[PDB]
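In: need coordinates for the following:
(15 chains, ligands or ions: 8)
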Amino acid sequence: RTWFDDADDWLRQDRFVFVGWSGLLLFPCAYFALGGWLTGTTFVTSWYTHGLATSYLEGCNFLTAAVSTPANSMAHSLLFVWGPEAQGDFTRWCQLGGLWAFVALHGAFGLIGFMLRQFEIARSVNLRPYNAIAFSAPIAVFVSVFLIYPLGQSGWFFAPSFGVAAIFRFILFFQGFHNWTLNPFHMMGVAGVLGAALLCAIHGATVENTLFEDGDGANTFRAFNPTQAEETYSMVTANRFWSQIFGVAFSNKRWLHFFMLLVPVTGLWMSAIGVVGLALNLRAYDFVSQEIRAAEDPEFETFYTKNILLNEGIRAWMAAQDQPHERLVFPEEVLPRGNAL
Amino acid sequence: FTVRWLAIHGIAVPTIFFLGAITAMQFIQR
Amino acid sequence: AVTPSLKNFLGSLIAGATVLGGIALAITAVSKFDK
Amino acid sequence: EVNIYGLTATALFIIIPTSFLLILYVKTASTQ
Amino acid sequence: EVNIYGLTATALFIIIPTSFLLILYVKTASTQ
Amino acid sequence: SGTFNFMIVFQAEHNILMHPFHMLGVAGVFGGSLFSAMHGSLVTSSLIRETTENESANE
Amino acid sequence: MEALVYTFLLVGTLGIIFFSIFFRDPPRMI
Amino acid sequence: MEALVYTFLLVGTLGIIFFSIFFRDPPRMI
Amino acid sequence: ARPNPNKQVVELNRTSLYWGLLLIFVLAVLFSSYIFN
Amino acid sequence: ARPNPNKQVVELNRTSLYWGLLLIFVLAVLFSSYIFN
Amino acid sequence: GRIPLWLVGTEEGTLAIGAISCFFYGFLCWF
Amino acid sequence: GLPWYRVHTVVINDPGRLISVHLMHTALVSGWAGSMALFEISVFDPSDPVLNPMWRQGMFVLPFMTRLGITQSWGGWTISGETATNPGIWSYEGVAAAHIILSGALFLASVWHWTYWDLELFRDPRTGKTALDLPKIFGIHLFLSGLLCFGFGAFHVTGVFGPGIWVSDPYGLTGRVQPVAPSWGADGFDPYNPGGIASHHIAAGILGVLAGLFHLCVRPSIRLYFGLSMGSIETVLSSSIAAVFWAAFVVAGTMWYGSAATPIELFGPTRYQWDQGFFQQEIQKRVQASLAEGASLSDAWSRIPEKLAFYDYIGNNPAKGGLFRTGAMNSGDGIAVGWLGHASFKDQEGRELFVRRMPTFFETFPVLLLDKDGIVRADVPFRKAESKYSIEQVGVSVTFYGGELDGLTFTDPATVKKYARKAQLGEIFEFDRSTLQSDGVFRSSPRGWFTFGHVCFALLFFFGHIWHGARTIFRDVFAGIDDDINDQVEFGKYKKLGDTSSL
Amino acid sequence: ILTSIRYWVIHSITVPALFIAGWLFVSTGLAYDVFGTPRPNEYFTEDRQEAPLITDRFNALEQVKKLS
Amino acid sequence: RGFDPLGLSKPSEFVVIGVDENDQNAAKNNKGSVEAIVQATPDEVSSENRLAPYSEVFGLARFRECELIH
Amino acid sequence: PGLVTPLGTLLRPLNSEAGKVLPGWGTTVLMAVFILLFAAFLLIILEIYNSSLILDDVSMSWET
Ligand code: CLA
Ligand code: CLA
Ligand SMILES: CCCCCCCCCCCCCCCCCC(=O)OC[C@H](CO[C@@H]1O[C@H](CO)[C@H](O)[C@H](O)[C@H]1O)OC(=O)CCCCCCCCCCCCCCCCC
Ligand SMILES: CCCCCCCCCCCCCCCC(=O)OC[C@H](COP(=O)(O)OC[C@@H](O)CO)OC(=O)CCCCCCCCCCCCCCC
Ligand SMILES: CCCCCCCCCCCCCCCC(=O)OC[C@H](COP(=O)(O)OC[C@@H](O)CO)OC(=O)CCCCCCCCCCCCCCC
Ligand SMILES: CC1=C(/C=C/C(C)=C/C=C/C(C)=C/C=C/C=C(C)/C=C/C=C(C)/C=C/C2=C(C)CCCC2(C)C)C(C)(C)CCC1
Ligand SMILES: CC1=C(/C=C/C(C)=C/C=C/C(C)=C/C=C/C=C(C)/C=C/C=C(C)/C=C/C2=C(C)CCCC2(C)C)C(C)(C)CCC1
Ligand SMILES: [Cl-]
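Out: Numbering: from 1, shown residues only, chains lettered A, B, ... in the order given. Ligands and ions are numbered 1, 2, ... in the order given. Sure, the structure comes next:
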């Protein structure tokens, strides 16, 4: 009829790929995040902000390449190409670490476009939208570690760089400054992740193992009609199996796949809440009781009071080359030595 | 043109450029 | 009283409108071509 | 020093949702 | 000194028979 | 609290993160979580209706 | 004081494990 | 601290009085 | 007989609900001052 | 209509009872050390 | 007919193995 | 048989009972408001607002009453320190008791609708069903919100008929409650200008009234009507949760970064002032300005207020807290009793050896001694064997200027190392670690806990919004697919996904 | 995925053109000036034997050219 | 004087869409009804109700009075 | 046939207009214009608050 009708005819015409009303967001706003990450890992140095030569052009490998965060003096600016820090001078913008703020803040909309594309195909093909609500959890994770954590903590410099050997620096950064280990929200997170990795292997090694009998040869992959009104695995038999070995066992394969949906997103949301609490520097650092008892009684020495005395050894050694904008050079007497280990 | 034409070309067109760049980096006679 | 920040700023509100107009023209150039 | 409020918070967080679930379970299993 | 034991005893003597009566009332009024 | 004092000292003496087997295992656990959430999404999103919209969807 | 709370919570978790294993509803047929 | 416990107990007694007066079962006929 | 022939039902009406709750709070109001001492 | 035409019944089976009680005690076991500090 | 897909894939595999071998050779003593 | 997590779905289609539970929720929120106000009055100590402010005590809802101008209690004491004669009706206890009366009144209002839910307003008078006219309801509510916004901005903020709001010295010394002149130029968008907050609501309420009357008059298109499912009710919930968590990040960001809405004399400082070096730079400038006149050290340093020197201390930085370190900054490490004064560390020649301040991340930062340039000249060694730069070997003395221990000098290293480890923190204050039984580790602030709650609840309302936005649109396939999903799931045969415009 | 022979003029000729362009884009050293990354003797100047330290915010365009 | 570039006094009708199936006792609830009713031919007759007497805003029988009072 | 109050007689024309919604587009394009202006307004205040857009009367000095 009118406008917004032929534009709905097309964008919903079917081809090999599927561009849609939010594919019009997803395909342009992403793919430049991929190009910018590849460009920063291949061509672009980090000599000026950090002090680290981290490009393919400067001898680094696939493990040790990273699009690096800007310096601390670029406190919380958005770091546009044009504007008050680069003025459109593209070479100086790439030198000042604007590529990280390009890729992160540009793919934050890529996640939104992808979840809306996932939400739009589920309306096109008339299905229930449970595939959409699961992908909200890695969006929560991405926002929590790349977006909310550098905002309230004096710099984009204190953010995990887009790399492989830089994520490791970020992990040891939390392990030696924040003690992210003792966070109960992180306990929730590892329980969700590792239990989902459990239950995947359980279900996969159960379903095709209590399988029915349809074919002739021992290759049981060739005996499945995709247009089938029967089953392909004996629910009664697997129930009796796991009931007699393990005790409690499922009986409702609605609830089974819903539980597989529910575990890792619960883990990742309950990790995102703790990453927020760490962004505000409400860290799960030392307690009251064992510390006031160990200051009094010398020979106490729990693994707790060894982890604290080890994290101090992390934080006093790595900082003087991790963050040069502090401008501190420790003398060797100040460092935690350990009496000639 | 075609969306398939675009999705074939526009991804893999800079790829040979970057691969030639990486091979030149590797054959830098340092 | 326009600062250089506002100077280089208003070109972005130009440029985003040009990008969305290019999207709309890319829609019209093939959509009503086919139909 | 142990908390004045900690054991009260622990006992309350035990007993309140426990009783909340027991009410619903007994109401459910009453009919069937 | 206030009975920190005593406040827990007060809260327990509130909550336990209250929940005990609520279970029976909801089971009763479920059927009718 | 003893598990982490094993892990950190193991990183100190053996550098477990810079080891290609360990990255394969990280890919294993993350892919396992991805595939569990993905399959549990794509099956629960296609349940044939047998009940109403007031009671449980598991009956 | 708090050690008894710790022990009570662990023993209660194990008790719920016990009742969940042995006093479940029977998974019944057709 | 305990004054709040006292006040909570008195107000809860008055609340049970209120619900007993107004939200009773109706005393019904034959 | 394997199912129990004496499964019986408890019953507690709203009048008894109000009596029990009023008894528990009046006992609390009385003894609370002596408990806190 | 003066009586409510939408009086409906809640339902909670034994499996959900065990899940809820296990969730509450596992949450307690985890957070209790940090609460007592 | 045409050049078959297995003979295409064999040559693609050899042209991948050669580039990966040059990657290891530039990994060992080059930068 | 409903599951436990959808028991409030029996009032999707019962609007009087919906109003009843709206009223009960409002009554519970007001009850929390009154009870937290009374508890915070009963805990609060007005004894010295110079060294023991509100935010050291962990006070939470009183620096909002003081923010909007409630500055007097029935005890006669006020906030700034003096006493005022007439408290009037509106004191702190009066505000709390008024909220308790609101709680009871909204309770009794909540009973009536669910007792009598079946009236004739909630009835479509044309055909005889139970509907409600959502764009006109929205026009009414937007009109009411515009009226209250305009009245608040015109009268109560600017002091036309109201008493005004807290507008303070930016350097945090002499804040008070003031009527505000609304500024209309470009400075109204600077958030450190309370004239911007004044001129905000004047425009905001007027535009809200205009839009509200617009929605009362006009009616939407059928295109947007089916595109947003405006006949359904739950689209309003999905939009409202979205608007609420958009508001939450704003009220968390302004609280954390500091604005005219959150004064430092009611919430303590912010963390960015520490590593920008704000109070230290201001104190050293106002010292060198007096020393350039001809004044001496002991009468130059002794002119800085304690309420200025108290913000040069890392214990009031709200980023040195802890999640399970409950309580307040008094129970953290004591009550601010005395200020000892500025300390100077002089070597065997006369050089003022400076002390490197502690950064934010470092819990136990080791003690160094810088020169005037940045070269380390002394330390407190962690290992005691082959120490070259120890204070015992160098011989660094400490001299005081200003404060309680004014005009004193120490050379003994057992005391010099103590004051070095304490002057590492900032300025030197003598506390009371005996009365409230503190433990000597730092706490957080009401600037911190507000931020924590309002980012966590924002992030949870994000997920709640995604869930209701899915469940609003997917109402027909809410509890399962139909039995007859067609063969339109093929790849390439049907050249359009289900839509029937041109196949 | 197997329908391709197409020994094509536009396809098969332009690929080594891009390959030699990417080769010369590094071997001529133009990429160093395009993206500003230093060359193996351009890290340390004689007046500055350390990693650079970007100090101030608003004059960074004037400061980085000094740091070059 | 024949003054309508906007046409705010137009006699245009109003497409009436019924209420959706908001009865969650049973499965398969539905949505509104597209081109259902005869679109409710608008009238500017003054009623007796003290709140909104004219029963529509866009009409001469309100706009004359609004213009005269203003 | 429900319950009748004087407010039930008063507020009924407010709950009368059930479904009178316009055919065609209506004020949709004007709505889109206001939405784009509101987005530009938020972009203005965001870049001012970030001080990526330096003005004359805006101090950003934590000082007034
Ligand atoms: C849908 C695609 C899409 C989206 C959402 C974005 C989004 C973004 N880009 Mg981006 N970009 C895109 C495509 C896209 N890009 C493409 C295709 C390119 C390649 C040319 C780029 C290249 C690019 C660069 C190089 C940079 C960005 C940046 C940014 C960010 C800030 C932009 C900004 O401030 O402008 C704000 C723009 C608006 C508010 C839009 C204007 C709307 C107003 C109201 C005017 C109304 C319309 C106007 C009248 C025009 C209409 C025409 C009319 C005739 C009808 C933002 C996240 C910056 C960045 O990464 O930050 C670090 C940056 O430096 N982009
Ligand atoms: C503005 C807030 C708001 C409102 C009004 C609603 C309203 C509703 N939600 Mg909902 N929701 C919200 C936020 C909100 N939601 C958020 C943030 C989430 C994400 C966590 C969800 C996730 C959610 C799901 C997953 C579901 C609903 C459902 C529903 C509907 C029935 C609720 C029911 O019976 O559950 C009753 C639930 C309980 C009795 C449990 C309460 C126990 C809580 C967890 C502990 C007590 C909280 C405590 C008092 C502190 C809260 C105070 C404050 C901090 C908020 C109802 C329309 C259901 C639905 O769609 O209908 C089929 C449904 O399945 N909601
Ligand atoms: C395309 C259209 C463009 C239009 C552009 C112009 C838009 C203006 C439209 C008209 C707006 C009118 C409001 C103007 C108020 C200015 C506010 C202001 O300046 O604040 C500032 C003023 C000045 O006030 C004083 O200013 C001083 C400045 O130092 C101090 O701040 C003082 O404290 C302060 O009190 O505040 C006021 O006093 C405003 C009070 C006037 C309010 C009039 C009451 C209206 C009653 C309406 C009755 C309706 C009856 C019908 C309903 C019947 C119910 C069924
Ligand atoms: C032979 C000895 C080896 C086995 C001994 C150990 C058995 C472990 C039994 C687990 C009990 C958990 C019961 C779950 C509650 C329960 O009874 O579930 C019952 C549930 C029954 O499913 P249904 O089909 O009957 O449900 C039907 C629907 O209506 C509702 O789901 O079974 C499961 O889903 C299996 C999930 C097990 C998940 C176990 C994880 C628990 C981890 C441990 C938690 C405690 C920590 C311990 C530290 C102190
Ligand atoms: C253009 C009109 C916009 C009005 C917006 C009103 C929004 C709702 C405000 C309610 C809360 C009031 C804030 C506390 C107000 C407050 O605290 O007042 C305080 C005061 C009573 O307290 P006191 O006299 O003791 O003052 C304390 C000092 O004297 C002691 O130091 O009340 C008055 O004297 C006059 C109040 C007039 C309030 C008028 C509101 C009632 C009529 C509203 C009818 C409007 C209908 C408009 C239809 C278009
Ligand atoms: C920067 C920038 C931009 C963007 C641009 C673009 C768009 C780019 C793109 C780019 C691209 C497009 C990239 C790509 C890359 C990739 C590559 C280069 C690949 C590699 C690979 C390889 C080397 C292989 C591997 C493997 C496989 C998987 C197979 C087998 C074998 C192996 C395993 C080895 C702009 C101007 C807008 C703005 C500003 C900034
Ligand atoms: C009737 C009446 C009355 C009375 C009133 C009253 C007295 C009421 C009540 C009031 C009140 C007294 C209320 C209460 C409130 C409170 C609340 C409602 C609470 C809430 C809480 C919450 C919700 C929380 C949650 C959680 C936890 C537990 C902790 C942490 C945090 C969280 C969030 C997690 C009067 C006198 C007027 C007269 C007339 C009649
Ligand atoms: Cl150890």
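
In: mind listing what the spatially closest residue to residue M:19 that is not a sequence neighbour touches?
Out: Nearest residue to residue M:19, sequence neighbours excluded (Cβ to Cβ, 6 or more residues apart in numbering or on different chains): residue B:20, at 4.6 Å. Every residue, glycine included, has its C-beta placed from N, CA and C. Applying Cβ atoms under 8 Å, 6 or more residues apart in numbering or on different chains to residue B:20 gives the contacts M:18-23, M:25-26.

In: leaving out the residues flanking it, which one is nearest to residue 27?
Out: No chain in the question, so chain A it is. Residue A:27 sits nearest to residue A:19 (Cβ to Cβ, 6+ apart), 6.2 Å away.

In: if you could check chain G rather than the one you did, that'd help
Out: Distances taken as Cβ to Cβ, 6+ apart place residue A:251 nearest to residue G:27, at 4.2 Å, with adjacent residues excluded.

In: cool, and residue G:21?
Out: Excluding the flanking residues, the one nearest residue G:21 by Cβ to Cβ, 6+ apart is residue A:247, at 4.1 Å.

In: report how many residues lie close to the residue nearest to residue G:27.
Out: Residue A:251 has 18 neighbouring residues, counting by other Cβ atoms under 10 Å in any protein chain shown.

In: just want the most central residue of chain I.
Out: Residue closest to the mean C-alpha point of chain I, counted by Cα atoms, centre = their mean, is residue I:20 at 5.0 Å.

In: actually chain M, not the one I wrote
Out: Geometric middle of chain M (Cα atoms, centre = their mean) lands on residue M:31, at 2.8 Å.

In: right, and it touches residue B:21 too?
Out: Yes - using Cβ atoms under 8 Å, residue M:31 is in contact with residue B:21, at 7.2 Å.

In: which residues do those two both contact?
Out: Overlap of the contact sets of residue M:31 and residue B:21 (by Cβ under 8 Å, 6+ apart) consists of A:43, M:25.

In: re the thing from before, for the residue nearest to residue M:19, helix, strand, or coil?
Out: Recorded secondary structure, residue B:20: helix (DSSP: H, G, I helix; E, B strand; the rest coil).

In: relative to chain G, how far out is it?
Out: Going from residue B:20 to chain G by Cβ to the nearest Cβ, to the nearest Å gives 62 Å.

In: counting neighbours, what do you get for the residue in chain B that ligand 1 sits nearest to?
Out: The nearest approach of chain B to ligand 1 comes at residue B:10, 11.9 Å away (Cβ to the nearest ligand atom). Using other Cβ under 10 Å, residue B:10 has 11 other residues around it.

In: so what's the backbone phi/psi at it?
Out: Residue B:10 adopts backbone torsions of phi -60, psi -10, taken as degrees, to the nearest 10.

In: isn't the residue nearest to the centre of chain I up against residue E:17?
Out: Yes - counting by Cβ under 8 Å, residue E:17 is a contact partner of residue I:20 at 7.0 Å.

In: list the contacts of the residue in chain M positioned nearest to chain I.
Out: Closest residue of chain M to chain I, Cβ to the nearest Cβ: residue M:57 (60.5 Å). When contacts are counted by Cβ under 8 Å, 6+ apart, residue M:57 touches A:73-75, A:77, A:85.

In: could you redo those residues as CSV and give each row distance to chain J and neighbour count?
Out: As requested, these are exported to CSV (distance: Cβ to the nearest Cβ, whole Å; neighbours: other Cβ atoms under 10 Å in any protein chain shown):
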residue, distance to chain J, neighbour count
A:73, 37, 20
A:74, 37, 23
A:75, 33, 17
A:77, 37, 21
A:85, 42, 24
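
In: for these, which one is nearest ligand 7?
Out: residue A:75 (33.0 Å).

In: specify the local secondary structure of that closest one.
Out: Recorded secondary structure, residue A:75: coil (three-state DSSP).

In: now do residue O:17
Out: Assignment for residue O:17 (three-state DSSP): coil.

In: how about it: what's its closest non-neighbour residue?
Out: That would be residue L:133: by Cβ to Cβ, 6+ apart, it lies 5.1 Å from residue O:17.

In: can you map out the helices along chain I?
Out: Under the criterion DSSP state H, helices of chain I are mapped to I:14-36.

In: I should have written chain O there, sorry.
Out: Assigned by DSSP H, the helices in chain O fall at O:6-10, O:28-50.
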